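Asks: Need a 3D model of the sequence below.
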Amino acid sequence: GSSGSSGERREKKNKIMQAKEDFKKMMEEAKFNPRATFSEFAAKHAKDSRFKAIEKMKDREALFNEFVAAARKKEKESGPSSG
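Replies: Residues are numbered from 1 along each chain as shown. Next comes the structure:
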């Protein structure tokens, strides 16, 4: 089945952006395999201070789910944002 979040509550600070960046970027560099599970990935890159920034389980599962969702295949039925 599908999962994820819809409409989060950001604060009046540049904390989220910063983190999200280090996270999304940190993973992009790792170029890990989609076969692995979120749990493993988390622990694998848990020591990474930046990674620690993302505690909100939902946030991790979400950011990860999307990352792997695209990593495996790009030409798939997906279109959350137009841009």
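Asks: Not including adjacent chain positions, what is the nearest residue to the most centrally placed residue in the chain?
Replies: The residue lying closest to the centre of the chain (C-alpha atoms, centre = their mean) is residue 63, at 2.1 Å. For residue 63, ignoring the flanking residues on the chain, the nearest one in space by C-beta to C-beta, 6 or more residues apart in numbering is residue 23 at 6.0 Å. Heads up, the C-betas are built off the backbone N, CA and C, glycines and all.
Asks: How many residues are close by the one you found?
Replies: Neighbour count of residue 23, defined by other C-beta atoms under 10 Å: 21.
Asks: Kindly provide the distance from it to residue 48.
Replies: 9 Å (C-beta to C-beta, to the nearest Å).
Asks: now the helices for this protein?
Replies: Taking DSSP state H as the criterion, the chain contains helices spanning 15-30, 38-44, 49-53, 57-72.
Asks: okay, the ones you listed, which one's buried deepest?
Replies: Compared across those, helix 57-72 shows the largest average neighbour count, a mean of 15 (mean count of other C-beta atoms under 10 Å).
Asks: Can you check what angle separates that one from helix 15-30?
Replies: Interaxial angle, helix 57-72 versus helix 15-30 (axes from the mean of the first three to the mean of the last three C-alpha atoms, to 10 degrees): 40 degrees.
Asks: Give me the distance from helix 57-72 to the chain's centre.
Replies: From the chain centre to the centre of helix 57-72 is a distance of 4 Å (C-alpha atoms, centre = their mean, to the nearest Å).
Asks: One more: stretch 66-75?
Replies: With C-alpha atoms, centre = their mean, you get 12 Å for stretch 66-75.
Asks: With stretch 31-45 instead?
Replies: 11 Å.
Asks: now do stretch 67-83
Replies: For stretch 67-83, the distance to the chain centre is 13 Å (C-alpha atoms, centre = their mean).
Asks: which residues are in contact with it?
Replies: The contact list for stretch 67-83, computed with C-beta atoms under 8 Å, 6 or more residues apart in numbering, reads 24, 27, 34, 38.
Asks: Grab the nearest non-local neighbour of the second one.
Replies: Just to be clear, that refers to residue 27. residue 67 (5.4 Å).
Asks: That concludes my questions; thank you for your assistance.
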